[PDB]
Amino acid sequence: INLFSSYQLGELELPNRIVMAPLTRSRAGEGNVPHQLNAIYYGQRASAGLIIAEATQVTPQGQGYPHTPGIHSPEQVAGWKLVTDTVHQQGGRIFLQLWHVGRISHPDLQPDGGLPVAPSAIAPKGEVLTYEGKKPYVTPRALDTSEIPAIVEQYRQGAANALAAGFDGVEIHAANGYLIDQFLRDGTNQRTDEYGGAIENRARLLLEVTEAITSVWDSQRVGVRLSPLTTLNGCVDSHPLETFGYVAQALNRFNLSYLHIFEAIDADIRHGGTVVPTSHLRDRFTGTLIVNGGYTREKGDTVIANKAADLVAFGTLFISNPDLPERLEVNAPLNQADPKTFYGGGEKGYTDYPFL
């Protein structure tokens, strides 16, 4: 087996092992609604074994950056259906990444100019982009215990909206220091209720969110993404091996589509070595594993052949190469990604990277 082998993901038949990683492109229109241009972008990439669409806020409070799309309104459902229809017409498969940014936001992006919510009242460091340029972060409000059901319900409604939008499945974003990750990691979570302290408490929001989403979706169409060794957004855990190893085992109850690991590119250089080898998680999580982070044809074939992972997601290379699968398959030159046009804007650096 290699990166071009087919794969059975529940009832979905993937033509290859190549996944398009979720990539925020900040190109939503008024009301954070997807539009035709976005449909073209994802349709261009439909040769992917599976596309995971960009992080998409499940509720207004879950937005943290200008012009990211939502999945909380009927108008957003309609705009996403343009996208899933195009991907389906092009013979592809697409899951929606369900987001809530938690503390990584600013009042200017929040309903009524209120505070971002979080497990604990810990201000991120530095500045955050608003509609009026960069502004200092404020301190988020720590959620009351009694409010956690409402967070879980916002994710359940986000998942239901994704189903109405015609996606093939959803991915729970539990990585990169956003809301669920903020609860996971003891650096961001110092709660003294059942959602803080012990690992089974820190993992509780993830597990409750997953349980609610599997009430809407068949479980084999629900994935979870973790990023055990990122330090993005000021979110770190003091015992990542035990924390993430626990989560990989706890998720098995749900019979999920997959577990997706973003392997931080800078982890070894920082952490002075390999704190959480992905093999540790591979051995604990009994389902499909997607791995991600600086993969190539050569690196992806190896992890598949070695049984270290089942699926390989590419982020950066999918920005710049719409036909990435084909290019990898024939060892074609790859287009170089232009960082200047990753976030915001229009067609330039989005739909105008050429096919082979």
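From 1 onward, residues are counted along the sequence shown.
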{"item": "Mean C-alpha B-factor comparison - 186 to 194 and 95 to 103, higher one", "value": "186 to 194"}
{"item": "Stretch with the higher entry mean CA B-factor, where the candidates are 221 to 229 and 263 to 271", "value": "263 to 271"}
{"item": "Peak C-alpha temperature factor (PDB record), options 76, 120, 139, 89", "value": "89"}
{"item": "Per the PDB entry, maximal CA B factor within 171, 153, 132, 208", "value": "132"}
{"item": "Chain thirds of CA B-factor: placement of residue 35", "value": "middle"}
{"item": "Chain-relative CA temperature factor third for residue 236", "value": "highest"}
{"item": "Position of residue 50 among the chain's modelled residues by C-alpha B-factor, lowest, middle or highest third", "value": "middle"}
{"item": "B-factor third for the C-alpha atom of residue 127 within its chain", "value": "middle"}
{"item": "Residue 41, C-alpha B-factor rank within chain (lowest, middle or highest third)", "value": "lowest"}
